[PDB]
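This report concerns only the one structure given below.
The values are calculated or read from the model by the stated rules, or taken from the named source; none is laboratory data. We place every Cβ from the backbone using ideal geometry, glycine too, and count neighbours over all the protein chains shown.
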Amino acid sequence: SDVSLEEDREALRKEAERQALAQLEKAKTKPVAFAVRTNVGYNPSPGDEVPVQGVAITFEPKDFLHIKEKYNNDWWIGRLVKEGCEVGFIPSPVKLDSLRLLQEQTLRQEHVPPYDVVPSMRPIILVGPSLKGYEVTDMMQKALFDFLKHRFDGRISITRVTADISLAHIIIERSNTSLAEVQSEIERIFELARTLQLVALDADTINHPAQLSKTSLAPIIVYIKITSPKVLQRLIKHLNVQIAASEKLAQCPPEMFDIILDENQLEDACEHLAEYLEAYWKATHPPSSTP
Amino acid sequence: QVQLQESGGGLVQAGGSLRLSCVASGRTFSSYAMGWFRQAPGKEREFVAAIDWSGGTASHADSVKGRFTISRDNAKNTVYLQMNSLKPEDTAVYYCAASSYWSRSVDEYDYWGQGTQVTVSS
Amino acid sequence: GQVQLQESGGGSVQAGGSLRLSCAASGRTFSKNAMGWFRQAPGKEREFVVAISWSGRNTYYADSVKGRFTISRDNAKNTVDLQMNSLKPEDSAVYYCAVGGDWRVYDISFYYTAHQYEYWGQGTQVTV
């Protein structure tokens with residue numbers, strides 16, 4: 001019986017792999033259902049019982065994953081958001097938590113959830129050179145938005161966000177001004193990125209990347225940096241409040257920004273931002289997803 | 001198998017506030033996205049709100065945006081639905097459900113509660 | 001003893017100086033393993049310095065060395081290099097390279113934790 005059942009199970013496992021593989025090919029051109037940012041890394045092992053052997057996706061902490069379908073309770077179908085990465089099998093939180101426990105027992109070693117749902121396209125948010133609401137920063141950011149609207153026409157959505165999305169004590173600030181409106185704007189930003197178009201936000205209340213680091217918006221922070229305090233004073237002529245936060249932005253650790261635009265010429269800064277966003281467009285629109 | 005139990009339903013008034021809760025069994029609560037669905041009599045249940053695993057991301061139906069707020073605490077295995085500005089159109093049986101996926105489709109949820117009835121007097 | 005981590009590039013430098021450390025791994029290809037550097041000063045407990053992911057896409061530095069040190073990795077040659085610039089006397093210690101364990105599921109804290117590293121070099125001295 002032990003031999004006969006192993007033969008029947010091998011034929012059943014072989015057929016399940018063929019259909020699982022066929023389901024994977026269908027998912028190459030399917031729309032992205034949602035995206036997650038990972039808090040863990042995953043190195044697939046032969047014993048993980050992947051629906052198709054060797055076609056589980058490897059990823060690292062803080063990676064972004066585009067999810068296409070639910071295969072079963074243990075497995076999703078999706079891809080790492082990176083050029084050259086194709087759709088594969090991604091473990092669900094149910095599966096990841098069991099693999100994590102097995103590892104801890106093997107090595108004799110309440111975890112934070114491994115995935116956070118984030119927008120399918122990370123929203124672009126500009127910070128710098130100084131405070132928003134003033135002419136110098138507003139003019140330079142409007143110049144960058146106008147360039148993006150032309151360079152990425154038909155591929156980008158630019159929208160204004162007047163709600164304080166940093167509130168996504170803070171109790172007093174939320175009492176100043178409505179979590180309903182903030183949550184509504186958050187969901188609106190998620191919706192704008194659903195079809196994988198680039199999303200750029202004119203967020204009035206976001207002047208520093210620490211104000212939106214703890215959110216699930218996972219934004220692309222673009223730092224328009226005027227390195228010379230004298231040039232800023234020249235352009236301004238409330239200088240005191242403006243010069244202080246430009247100093248504050250310069251003090252920020254560099255890894256808190258995704259792009260630092262410190263080029264001495266504005267046209268070179270626009271090309272730098274355009275090159276970065278074209279690479280992000282490629283990473284989110286692989287050639288295999290278009291047929 | 002996760003068991004879910006809703007509570008908090010009853011007879012309420014338009015303009016008031018009501019807080020529903022759902023307690024889950026098992027030790028894998030944080031591995032599931034939690035959703036709330038509501039059901040008119042004789043009709044199929046429809047999406048209300050969903051909250052992701054850590055509670056950092058939520059989605060709300062258009063008709064309840066700004067009025068209803070889903071939340072969770074993984075330490076008590078509990079999901080909440082804060083319903084403010086109750087309208088007569090909110091009268092329904094409310095169900096909580098658990099999914100290993102992220103979704104607002106009924107078919108992609110794996111475990112369901114028995115529901116709790118909310119009647120909003122006009 | 002099939003796995004061996006050979007380290008080179010230590011020595012003594014004047015403060016504000018620079019040095020390059022390197023570690024060549026042999027015995028395994030270590031293609032999905034992290035690789036990092038720890039250091040230990042006399043009378044001080046061992047402490048994390050820097051680590052690089054198996055892919056080379058992600059690096060992790062201790063705050064005490066951020067901006068001054070940089071790590072790189074050549075997997076074809078199975079080597080890691082640590083460029084240390086603007087060296088300070090508090091950087092004086094024996095530096096050990098290490099290969100991460102065969103992690104199946106891991107978070108960022110694995111990179112900073114010595115007991116998550118499986119193989120170690122013998123150490124190289126670095127003074128001021």
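Restricting attention to segment A:186-213, the residues that are within 22 Å of residue B:65 (Cβ to Cβ) and in contact with a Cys (Cβ under 7 Å, 6 or more places away or on another chain) add up to 0. Among what's in segment B:33-73 and is among the charged types (D, E, K, R) and assigned to a strand (DSSP E or B), pick the residue that is nearest to residue B:96 (Cα to Cα). Once the filter is applied, the top-ranked residue is B:38.
Would you check if there is a residue in segment A:9-16 being under 21 Å from residue A:288 (Cβ atoms), away from every other protein chain (no Cβ under 14 Å), among the aliphatic types (A, V, I, L, M) and more than 17 Å from the chain's Cα centre (by Cα)? The answer is no; no qualifying residue exists. In segment A:260-287, the residues that are part of a loop (DSSP other than H, G, I, E, B) form Cβ pairs under 9 Å with partners that are β-branched (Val, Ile, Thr), at six or more places apart or across chains, as follows: A:262/A:224; A:262/A:226; A:262/A:227; A:264/A:227; A:286/A:87. Considering only residues in segment A:26-43 that are within 12 Å of another protein chain (Cβ to nearest Cβ) and closer than 20 Å to residue A:120 by Cβ, the one that is surrounded by the most Cβ atoms within 10 Å (Cβ to Cβ) turns out to be A:36. For residue A:191, indicate whether it is under 28 Å from residue A:30 (Cβ atoms), under 18 Å from the mean Cα position of the chain (by Cα) and either polar (S, T, N, Q) or assigned by CATH to the domain that holds residue A:138 (or both). Here the answer is yes, as residue A:191 does meet what is asked. Residues of segment B:57-77 include at least one that is under 17 Å from residue A:67 (Cβ atoms), surrounded by 23 or more Cβ atoms within 10 Å (Cβ to Cβ) and out of contact with any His (no Cβ under 6 Å at 6 or more places or on another chain).
One residue stands out among those in segment B:108-122 that are under 17 Å from residue B:44 (Cβ atoms) and either part of a strand (DSSP E or B) or of a type in the set (A, V, I, L, M, F, W, C) (or both): the one that is nearest to the other protein chains (Cβ to nearest Cβ), which is B:112. Looking only at segment B:43-50, decide whether some residue is closer than 30 Å to residue A:94 by Cβ, buried (at least 19 other Cβ atoms within 10 Å of the Cβ) and basic (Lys, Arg). Within segment B:43-50, none of the residues are closer than 30 Å to residue A:94 by Cβ, buried (at least 19 other Cβ atoms within 10 Å of the Cβ) and basic (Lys, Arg). Of all the residues in segment B:1-18, those that are among the aliphatic types (A, V, I, L, M), within 20 Å of residue B:113 (Cα to Cα) and not in a strand (DSSP E or B) number 1.
Per the conditions (1) touching a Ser or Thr at 6+ places or on another chain (Cβ under 7 Å); (2) in a strand (DSSP E or B); (3) not charged (D, E, K, R), the sole criterion not satisfied by residue C:82 is (1). If you check B:105, B:21, B:99 for being within 14 Å of chain A (Cβ to nearest Cβ), in contact with a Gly (Cβ under 8 Å, 6 or more places away or on another chain) and hydroxyl-bearing (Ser, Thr, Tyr), only one passes: B:99. Checking the stated criteria, residue A:235 turns out to be of a type in the set (A, V, I, L, M, F, W, C), closer than 24 Å to residue A:148 by Cβ, in a helix (DSSP H, G or I) and away from chain B (no Cβ under 14 Å). If you go through segment A:77-132 and keep only what is of a type in the set (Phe, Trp, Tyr) and away from chain B (no Cβ under 12 Å), you end up with just A:89.
If you go through segment A:181-221 and pick out every residue that is touching an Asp or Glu at 6+ places or on another chain (Cβ under 7 Å) and closer than 23 Å to residue A:262 by Cβ, you end up with 2.
Filtering segment C:43-90 to residues that are over 22 Å from residue C:3 (Cα atoms), over 15 Å from the mean Cα position of the chain (by Cα) and hydrophobic (A, V, I, L, M, F, W, C) leaves only C:87. Go through segment A:44-57 and give me each residue that's facing another protein chain (nearest Cβ under 9 Å) and either surrounded by fewer than 18 Cβ atoms within 10 Å (Cβ to Cβ) or in a strand (DSSP E or B) (or both). A:45, the sole residue that qualifies. No other residue among A:170, A:189 is closer than 26 Å to residue B:58 by Cβ, away from chain B (no Cβ under 11 Å) and loosely packed, with under 13 Cβ neighbours inside 10 Å apart from A:170.
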